[PDB]
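Asks:
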Ligand SMILES: [Zn+2]
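Chains as they are written, first to last, in the deposited numbering: chain A, 291 to 414; chain B, 601 to 762, 774 to 953; chain C, 1 to 589; chain D, 167 to 251, 267 to 290.
(1) Straight-line CA distance for residue 471/C to residue 505/C?
(2) Tell me whether the beta-carbon of residue 439/C lies closer than 8 Å to the beta-carbon of residue 423/C.
(3) Residues of chain B with a CB under 7 Å from the CB of residue 298/A: which are they?
(4) Since residue 132/C and residue 156/C are thought to touch, with beta carbons under 8 Å apart, how far apart are those beta carbons, to the nearest angstrom?
(5) Going along chain G, which residues have a C-beta under 9 Å from residue 230/C?
(6) Closest Cβ-Cβ distance between residue 719/B and chain A: below 8 Å?
(7) Relative to the C-alpha of residue 496/C, which residue among 443/C, 27/C, 231/C and 476/C is closest?
(8) Can you say whether residue 128/C is buried or exposed, counting buried as having 16 or more other CB atoms within 10 angstroms of its CB?
(9) Suppose the cutoff is 7 Å on Cβ atoms and the five residues either side in sequence are ignored; what does the same chain contact list for residue 826/B look like?
(10) Give me the Cα-Cα distance between residue 626/B and residue 302/A, rounded to the nearest whole angstrom.
(11) Run through DSSP, which three-state label would residue 243/D get?
(12) Are the stretch 710 to 727 of chain B and the stretch 155 to 171 of chain C in contact at 8 Å, needing three or more beta carbon pairs?
(13) Less than 6 Å between C-beta atoms, sequence neighbours within five positions excluded: which residues of the same chain meet that for residue 307/C?
(14) Counting by C-beta, which residues lie closer than 7 Å to a heavy atom of ligand 1, in chain order?
(15) Can you confirm whether residue 630/B, when its beta carbon is compared against all beta carbons of chain A, has any partner nearer than 8 Å?
(16) Compare the C-alpha of residue 501/C against each of 511/C, 520/C and 417/C and name the closest.
(17) Give me the subset of the stretch 503 to 517 of chain C whose CB atoms are less than 9 Å from a CB atom of chain B, sorted by chain position.
(18) Please go through the same chain and pick out, in chain order, the residues whose beta-carbon is closer than 6 Å to the beta-carbon of residue 859/B, but skip the five residues on each side of it.
(19) Counting only the same chain and skipping the five closest in sequence on each side, list residues whose C-beta sits under 7 Å from that of residue 871/B.
(20) In the DSSP assignment, find the beta strand (DSSP E) that holds residue 586/B and state where it starts and stops.
(21) Assuming the contact rule is C-beta atoms closer than 8 Å, residue 74/C and residue 338/C should be a hit. Round their C-beta distance to whole Å, please.
(22) Between residue 8/C and residue 78/C, is the Cβ-Cβ spacing less than 8 Å?
(23) Tell me which residues share the same chain as residue 34/C and place their Cβ nearer than 8 Å to its Cβ, disregarding the 5 neighbours each side in the sequence.
(24) Taking three-plus beta-carbon pairs below 8 Å as touching, is the stretch 914 to 931 of chain B in contact with the stretch 644 to 655 of chain B?
(25) Just to make sure I have the definition right: I need the residues of chain B whose C-beta is within less than 8 Å of the C-beta of residue 184/C. Which are they?
(26) By Cβ distance, which residues of its chain are closer than 8 Å to residue 231/D, with the 5 residues on each side in sequence left out?
(27) Determine the extent of the beta strand (DSSP E) in which residue 216/C is found, giving its start and end residues.
(28) Just mark residue 276/C as buried or exposed, buried being the case when its beta carbon has 16 or more other beta carbons within 10 Å.
(29) Does the count of Cβ pairs from the stretch 293 to 310 of chain C and the stretch 392 to 402 of chain C closer than 8 Å reach three?
(30) For residue 379/C, name the three-state secondary structure that DSSP assigns.
(31) Is any beta-carbon of chain C found at less than 8 Å from that of residue 179/D?
(32) For residue 425/C, collect the residues of the same chain with a Cβ closer than 6 Å to its Cβ; drop the 5 residues on either side in sequence, then sort them by chain order.
(33) Strictly below 9 Å CB to CB, what residues from chain C border residue 219/D?
(34) Answer with yes or no whether the minimum CB distance from residue 267/C to chain B is below 8 Å.
(35) Could you check whether residue 307/A and residue 407/A sit closer than 8 Å to each other, using their CB atoms as the reference points?
(36) By a C-beta neighbour count over all protein chains shown, 10 Å radius and 16 as the cutoff for buried, is residue 849/B buried or exposed?
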């Protein structure tokens with residue numbers, strides 16, 4: 291589990307963050323499903339929802355990598371008409387994606403997303 | 601066809617306007633410090649046949665496909681790919697949709713057909729169930745497929761020919788379902804009939820007309836609708852879809868990322884494809900294509916070369932502009948190739 | 001076509017002048033006069049008196065409505081009042097609507113785009129089946145009924161009778177069911193589709209919700225029964241039944257051939273006109289659209305926009321009135337129009353706008369002139385086609401008064417105890433402080449006040465000022481959608497504010513039991529959308545309250561407003577005099 | 167049987183007795199039944215295939231390919247003419278013990 295490179299989940303310091311910088315934030319229906327509480331956490335912490343990370347410091351990218359603990363009230367509907375309640379605590383995108391691996395019912399993406407942007411090799 | 605390329609009368613420079621580029625209505629990418637890149641600024645024009653070229657593995661694919669196509673796919677149509685190591689894409693207010701067509705050699709399973717994955721076979725079943733006889737006999741579009749147990753006889757076991776099925780007699784449809792003679796023909800009759808002579812068919816009904824017309828615009832209407840993938844040569848699996856994957860919203864600046872037609876189709880087939888591209892680009896479409904040949908991208912109006920040397924010796928833009936402009940520059944080998952033959 | 005009995009449950013006891021109005025209407029209607037006008041204000045039980053005329057006349061009746069909000073309420077009330085008789089409802093089966101129009105000034109072409117519903121077309125087919133199955137039938141319909149439709153005789157020809165122990169081949173029965181647009185769906189059982197299992201067939205009509213089993217034995221019906229589609233609770237059982245088509249445009253194959261020939265004639269004429277005009281792109285788009293539609297329902301039968309060719313089904317020439325719902329009713333039927341004061345002007349204005357957009361389409365290559373013929377009924381052909389015409393509205397329409405010569409019948413008096421609002425007239429300026437004082441004094445009751453203006457700018461200036469000094473306010477705009485004021489209704493029944501302001505989005509179903517004071521601001525000026533009818537409508541809106549009030553501000557005084565105030569005051573005096581004798585408290589039932 | 171009535175069959179044959187589906191007889195968890203329910207009330211006729219198919223083919227999707235044409239008469243002389251719609270597929274193998282001599286491990290005599 292060495293993979294290609296870290297930081298690959300959000301390696302963009304200049305994109306429009308409201309346009310789905312992170313891949314789970316841009317899905318067909320899960321896009322808003324995660325953008326809801328991720329924008330909530332962005333408002334709570336204090337980093338903007340759409341401003342590129344170069345007008346802002348790189349601390350915005352670092353603090354979306356590490357995130358923060360605790361959960362907030364959040365619920366929204368997708369384009370497909372369903373209603374999923376992703377109520378869990380995630381420590382930034384590094385542990386949010388790990389939560390996706392350890393929680394989601396999609397047995398394919400739960401290992402597809404780990405390879406490109408998660409590096410947890412064998413320590414022993 | 602290979603001889604027709606050299607003695608072309610069609611693989612010529614074909615001078616376009618080349619001024620449909622815009623100083624402001626234009627996309628930029630900067631700072632892409634990928635393992636295959638360095639962080640250069642690529643200036644993609646809009647409303648043009650811009651072609652990204654350079655040595656493969658020098659970062660052109662990681663920028664155009666892994667970075668650009670990924671981001672506009674995931675938040676401009678609803679895809680899922682990771683953006684990758686980059687910083688910026690501009691013209692967000694000037695972009696509406698994106699369609700990506702890969703090389704995708706995928707034709708190996710008999711289940712996949714040029715009409716089943718394209719999403720047109722279900723509509724064909726719906727249209728056939730819209731007939732009076734299919735209504736009285738209680739046959740539904742789902743019942744009228746060949747993969748579900750309802751419509752496939754156990755004698756064929758689903759393959760049509762085993774010596775064919777005794778009951779079906781080489782038609783791949785049980786007698787209880789073949790009675791549906793809509794427009795004097797059945798599904799087996801339509802599948803057997805060639806698309807070239809079926810161009811007059813499905814003309815009124817819109818979606819099948821569009822699919823068939825764009826397939827004929829490609830010029831390869833020899834295939835049948837239910838043709839098994841083992842009999843389809845690798846390379847043309849996504850060409851049929853790519854025909855219809857080049858005009859959305861009729862703006863038509865909606866960007867289409869193209870694979871290499873050189874893989875598979877030879878340069879005369881690629882020049883017919885080029886005629887299609889030029890016609891609908893004059894209509895207003897936009898294509899970003901990674902290519903390997905010379906005259907096909909010489910016909911285009913804008914060339915961007917990313918990396919002169921393979922491996923670590925690339926990752927930076929060395930030219931951007933008219934094919935003759937990059938030709939005059941003795942740095943990009945793409946331009947050098949476009950310069951030795953004018 | 002058999003005449004039944006209008007068994008009406010009427011727990012409400014007639015009081016005072018209601019029988020007098022009823023037999024005055026009877027005496028007028030038995031004279032055979034083609035023109036009849038009735039003045040029934042809001043809250044006067046117009047539905048009850050209309051139903052009583054229905055019972056007395058014993059004829060199929062057609063109710064004319066201008067919008068869905070009034071039509072649905074009338075339909076449900078009329079269904080409640082008549083248990084046995086099949087009360088009906090007929091409106092366009094589209095939630096979202098975008099008419100195909102072509103604004104030439106902005107060069108904006110809005111296409112055909114809607115949102116199909118499922119609970120209203122079933123009621124429409126129930127209306128047709130009841131109308132052509134039993135004579136004693138009432139149908140309330142919106143303006144969509146005056147659009148293109150099929151003929152009654154051709155659609156009736158396709159209704160098929162069945163009975164227990166009769167010779168009926170299964171193949172013929174299924175062919176007839178499919179010919180009336182019932183696709184046999186087995187795994188999924190939904191309206192417009194029927195399934196078969198062994199020797200039994202589960203059938204659901206386009207009007208009823210409960211399924212029916214038809215059980216056979218060879219080429220003969222064994223029995224018929226009803227059941228609940230899901231719970232399986234047995235209700236009743238019958239010997240004989242009848243089946244009706246699931247679409248309103250069913251007729252014999254020769255009628256399809258004649259309609260196709262008429263389509264060919266119309267498309268040839270339109271192609272020649274467009275070739276003369278030189279509009280190649282528009283003509284091409286129109287020709288592809290027509291080829292698509294015409295060929296695909298020549299091969300199938302169902303399409304989008306078939307109404308444009310409905311004339312070709314009807315066998316009528318261009319320029320004649322398209323076949324409508326009144327043709328379904330026989331020549332010995334009764335029609336009544338509700339809210340005619342805004343329905344007949346709505347008919348005229350809607351016909352004008354639709355014919356303008358239809359010219360912008362047909363002339364600029366979007367539709368054939370058959371689509372121009374496929375239109376709401378013009379008033380000339382409407383008069384040429386209608387029989388004993390009855391009008392009903394809260395106010396006497398000028399057109400109706402001119403047609404009737406001024407002689408009308410007045411029943412706006414409410415036995416329930418409703419009176420017209422008091423009137424206060426003040427200058428336009430020097431009014432905000434008085435309004436603030438009045439709302440401070442009146443806010444203890446927690447009611448709502450509606451205000452109006454002329455155009456948007458000073459209106460919104462008033463809104464943000466009047467939310468600034470400490471009052472919660474809500475406003476209306478020109479593009480109000482359904483949700484943003486249905487939520488307003490919910491939060492006003494929750495008592496979340498006190499004042500609403502609106503210019504034009506206030507006459508459509510904005511009923512509220514707790515609106516007392518209404519303010520009209522500088523509406524005295526001339527306007528195509530601000531003449532006397534809006535002032536009388538707001539007066540009636542205040543009147544429906546137990547105690548209304550109007551505060552009316554004018555720089556100048558016109559004759560229309562003062563005559564409206566005078567007639568409102570005299571009607572209020574008459575209502576007060578009547579109620580002083582009818583002092584019994586209201587007894588709803 | 168309530169769900170079957172909701173679907174609609176109008177026929178049943180349980181506990182050795184035939185009823186309409188609207189008439190359910192007594193059933194117990196300690197009672198063993200050879201459930202062979204009915205699907206129709208048709209009979210042999212000329213050019214009646216379109217009928218009989220609709221009685222059997224759909225049953226093929228519910229009975230898992232089981233359907234008969236039994237006498238349902240009095241005499242029951244023949245056992246339903248042996249009419250139904267030792268054999269076993271097993272598995273094909275020679276070296277594996279799937280299809281060899283279980284006692285001698287498939288070796289020669
Ligand atoms: Zn077969």
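All C-beta atoms in this analysis are idealised placements derived from N, C-alpha and C, irrespective of residue type, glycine included.
Replies: From the atom records:
(1) 21 Å
(2) no
(3) The answer, in chain order, is 682, 684 and 685.
(4) 5 Å
(5) Reference to chain G is not applicable here, since the protein chains of this structure are A, B, C and D.
(6) Judged by the 8 Å Cβ criterion, residue 719/B is not in contact with chain A.
(7) 443/C
(8) Looking at its Cβ environment, which holds 16 or more other Cβ atoms inside 10 Å, residue 128/C is buried.
(9) Result list for residue 826/B: 806, 832, 851 and 854, in chain order.
(10) 20 Å
(11) Coil at residue 243/D, not helix or strand.
(12) no
(13) 148 and 374
(14) 753/B, 755/B, 756/B, 776/B, 778/B, 779/B, 783/B and 785/B
(15) yes
(16) Checked all of 511/C, 520/C and 417/C; the closest Cα to residue 501/C is 520/C.
(17) none
(18) Same-chain partners within the cutoff: 697 and 865.
(19) 703, 901, 902 and 903
(20) What the structure shows of chain B is the stretch from 601 to 953, and residue 586/B is not part of that stretch, so it cannot be assessed.
(21) 7 Å
(22) no
(23) 386, 387, 388 and 389
(24) yes
(25) 735, 736, 737 and 738
(26) 251
(27) Where residue 216/C is concerned, the enclosing beta strand (DSSP E) starts and stops at 211 to 216.
(28) Under this definition residue 276/C is an exposed residue.
(29) Judged by pairs of C-beta atoms under 8 Å, the stretch 293 to 310 of chain C does not touch the stretch 392 to 402 of chain C, as fewer than three such pairs exist.
(30) helix
(31) no
(32) 552
(33) Here the premise fails: no neighbours, minimum Cβ distance about 11 Å.
(34) no
(35) no
(36) buried
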